[PDB]
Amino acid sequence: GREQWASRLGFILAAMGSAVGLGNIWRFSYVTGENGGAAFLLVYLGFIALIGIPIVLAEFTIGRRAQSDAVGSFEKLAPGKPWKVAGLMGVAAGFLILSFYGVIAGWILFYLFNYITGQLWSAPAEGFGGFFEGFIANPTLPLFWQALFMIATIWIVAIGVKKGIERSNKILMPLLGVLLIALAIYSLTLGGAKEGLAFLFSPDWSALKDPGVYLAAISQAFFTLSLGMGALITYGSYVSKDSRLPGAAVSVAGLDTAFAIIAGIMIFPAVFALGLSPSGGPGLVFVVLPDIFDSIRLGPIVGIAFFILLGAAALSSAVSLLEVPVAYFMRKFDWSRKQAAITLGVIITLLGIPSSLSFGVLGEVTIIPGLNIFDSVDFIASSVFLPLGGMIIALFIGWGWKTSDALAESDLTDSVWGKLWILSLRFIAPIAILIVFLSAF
């Protein structure tokens, strides 16, 4: 006797809460900026349409049918089969992603603290770039704020699905978009819009010759949709029978893509107006936006709101990440929810400490050749486990299910979409993923 979404539309809300977070504004902005912009944008969008939405629906189908955890969904639906390797990577990918996800979310809480104590209202003596660099170089200051965020994440997973995950404030997410739209409009007036919008919407096709622009595009697409980290199989596993999955998948992926494109329209016109380079790294939004808030008379109020709402959004995504291992360890080892929540939460926190330290004292240490600890874990998680696990998931429903079962449990029977959906999982998605791995590696 396990959990289910109490309210009807609690599923689409929780799935949208998982998808929308730091990946849309933080990671989308610097991965776009260091990949040329528009050409990477057209590739990232095509991957969302032809691969992302089929696998989003695929993960919902596996979860609802099996009614188990990220790994248990494969033991039940296909006993004794090696398909379950897709679920182990997702649990592994959830661990790795949440370790450094909490670091970036700690930067959010630190910036929210400085606008609340009036510290960042005016520009600091060293500039917003120098001020940000001083903070992420500090060894222990970020570990405090990352631990604070993890406590909030541990608290909400421990409370439960019905009492915590489903009980999130549902007005915070529309408010973030309303604030992103208004910051998009304002930044369009800052004078770098012609250069910023050509960067984002006028393609330089030369980038299409680098096999790294596809892997980066497929990493960002899986990352931003919470694909391949066992998150959508778990949330699907709390879903009842009379649930229309296809529209939920299109609604999850469509709303998520709107946030990224509005985040891009906000950031890159602001990047060029400030004279900076769009290849500014993970601190891109963390250096651009405090400068933008300073050019507004009521910017301090804008900054408090922007970091509360984004902070609320990062919290709901991190809650969906920790629930994947939490759900797994409850079944495998009979741990209670609170037991698994604090145990795996404290652990994942300590795994993120080396990632946090790589922006400062550990800045020189490299794991993967050419990449520090943070870039190494992000590469192993985003660029290997998510597309591979995402590829095994597609092959799983494509060649491991009776067609009638797939279309039935997906609510796509006798549909032109159901024929194109099977086409995606059987051929297009696993073929294109394998091609991107081969060219890039």
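Numbers for residues come from their place in the sequence shown, where the first is 1. Just so we're on the same page, rigid core means the largest C-alpha set that superposes within 1.5 Å between forms.
- Annotation: of the segments 381-389 and 412-420, 412-420 departs further from this form in 5 other deposited structures of this protein (C-alpha atoms, root mean square over structures and residues, core superposition).
- Look at the C-alpha B-factors of 112-120 and of 205-213. On average they run higher in 205-213.
- Taking only CA atoms, the mean B-factor in the PDB entry is higher for 73-81 than for the other of 73-81 and 307-315.
- Comparing the listed residues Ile368, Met266, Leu362, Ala105, the entry records the largest Cα B-factor for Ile368.
- Remark: of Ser356, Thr257, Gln339, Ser320, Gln339 shows the highest value [criterion: C-alpha B-factor in the PDB entry].
- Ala198 sits in the lowest third of its chain by CA B factor, as recorded in the PDB entry.
- Sorting the modelled residues of the chain by their CA temperature factor places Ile51 in the middle third.
- Looking at the C-alpha B-factors along this chain, the one for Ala38 belongs to the lowest third.
- Among the modelled residues of the chain, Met16 sits in the middle third by CA temperature factor in this PDB entry.
- Among the modelled residues of its chain, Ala152 has a C-alpha B-factor that falls in the lowest third according to the deposited record.
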